[PDB]
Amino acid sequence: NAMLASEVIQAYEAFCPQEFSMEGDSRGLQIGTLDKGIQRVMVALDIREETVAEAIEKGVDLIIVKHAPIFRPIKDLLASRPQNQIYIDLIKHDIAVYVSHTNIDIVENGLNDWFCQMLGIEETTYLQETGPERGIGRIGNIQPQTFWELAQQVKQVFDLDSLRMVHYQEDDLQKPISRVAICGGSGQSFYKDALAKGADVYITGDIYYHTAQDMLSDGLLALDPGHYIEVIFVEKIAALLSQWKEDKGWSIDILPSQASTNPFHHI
């Protein structure tokens, strides 16, 4: 009777292949099995302590996650290491964990496309090729507006108590922007690609001080919205999975993780 976890993942991978992930990237099942019948699937950005308690509490069998819980090989299983207590808790409660990291950023109609839609960036192509006719990040054109207006829009659309604008002068704020590059997560190394493709502005998280200076030297303005604009992953993958439940008659519950894992609170 119960839906195998593996038939949920079969559906996910048809939209978003494992092999669309950049080389060297974590992908796919990392913890547990998919061979068994399940009732509940959660979508999360990260798995921290609060995410584990929440999965236990809500009776979750599988978590589909963007950032891998095993990001490097595990040296030992000492219960005194906090990362190991997470693994121990998942294993004890038979919570399987499946990773969709850079492949969701690359795929057509994936996270970076969501970004483009929410901001009205159009006629998009990707930033850096990762495979035949695909790549990470996006660049496209907007209805012209100034740098400051783009900044106000980003802060609002993404719900930010905090936006970092990257510029030196006050007159940059009135520079018209009509071509915008965007890359969720840590995309600062795709900036020369955004520059070669004609970006007026690059939006990406985790922009190092020195690289921000380099961009500015290249004549490229920037917006750093932080790494948390990626929570869109949660509502969007939950919403897609639920559309599948309804269309295909699935007997599962689909839940977005509510436990915030954002470590950074401004001012």
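Residues carry their position along the shown sequence, with the first being 1.
A.B. asks: 106-114 versus 160-168: which one carries the higher mean Cα B factor per the record?
C.D. replies: Per the PDB record, 160-168.
A.B. asks: Should the higher mean CA B-factor in the entry be assigned to 169-177 or to 189-197?
C.D. replies: Result of the comparison: 169-177.
A.B. asks: Test of reading the entry: by CA B factor among the chain's modelled residues, which third contains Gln39?
C.D. replies: Highest third - that is where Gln39 ends up once the chain's C-alpha B-factors are sorted.
A.B. asks: Give the position of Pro73 by CA B-factor within its chain, expressed as the lowest, middle or highest third.
C.D. replies: Its C-alpha B-factor belongs to the highest third of this chain's values.
A.B. asks: So where's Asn84 on the chain's Cα temperature factor ranking, which third?
C.D. replies: Bottom third by C-alpha B-factor.
A.B. asks: Could you tell me which third, lowest, middle or highest, the C-alpha B-factor of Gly28 occupies within its chain?
C.D. replies: According to the entry, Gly28 has a C-alpha B-factor in the chain's lowest third.
A.B. asks: Can you work out whether the C-alpha temperature factor of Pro132 puts it in the lowest, middle or highest third of the chain?
C.D. replies: Top third by C-alpha B-factor.
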